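Coming up is one lone chain in structure tokens, specifically the form deposited in one PDB entry.
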């Protein structure tokens, strides 16, 4: 069941850099709060938002970010989630203290475990990227869906005329070429395997791909016609097997890519023998 929380239960809410904000619950401590809508009171979709909140609460796994509660009040709808101290994956990869190969290896296997969990329950992420991989103080990771790609009613609630905190309209580096300039195409398990491929590269590069691209359409068309992250831009020691894995996972044809159980079967013994 979903825990129904109140705004009075939280003392202060400091907006943090990437509205997502750090929130101190008065009895249960530090949490993250995605406040999705703030505005005038319209109680139209509350049944579907709560049922969608129930569905996202059913997804329980050690490598998936738990929804802890929801604030469903007059003119404010928030999601409340667990706190992951080191922030997102790209924030950790850019830090002054460098992350060793064993921790990187463990990060990749935890990513695989979490994606396997979600695919096992029929969920396609549709938006796997470093920003959606959150890291605790022991370097263990949890996958989030901060763009609300799996949850239509909460995502549509953001894009509304009444909303003061409206999204006026990063993702495209990790979006599979079949989806670039193709809004109608249905994402699959294979779409996420592409994103993962680009996440692997990023883990060994310590940065976002495609730094030298100038315009958006230049990049879109480049990626659709075969261009990938530059493998020679990996300065530090990435093993041969992980480079082979990312090239396999960023195949142009979806059916040429492996699935996440197939990745895990290959990767886990490699992690244990070579990296741990």
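By rigid core we mean the largest C-alpha set that fits within 1.5 Å across both forms. Shifts are known only where both forms have a C-alpha. Positions refer to the first chain, counted from 1.
Not pictured, yet referred to below: the form deposited in another entry.
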After a rigid core superposition between the shown form and the other one, the exception among 41, 244, 235, 217, its Cα shifting by 2 Å or more, is 41
Is it true that residue 25 shifts between the shown form and the other one by 2 Å or more at the Cα, once the core is aligned?
yes
Fit the two forms on the core and write out the ranges of at least 3 consecutive residues whose every CA moves by 2 Å or more between the shown form and the other one.
1 to 3, 7 to 12, 19 to 30, 40 to 42, 212 to 215
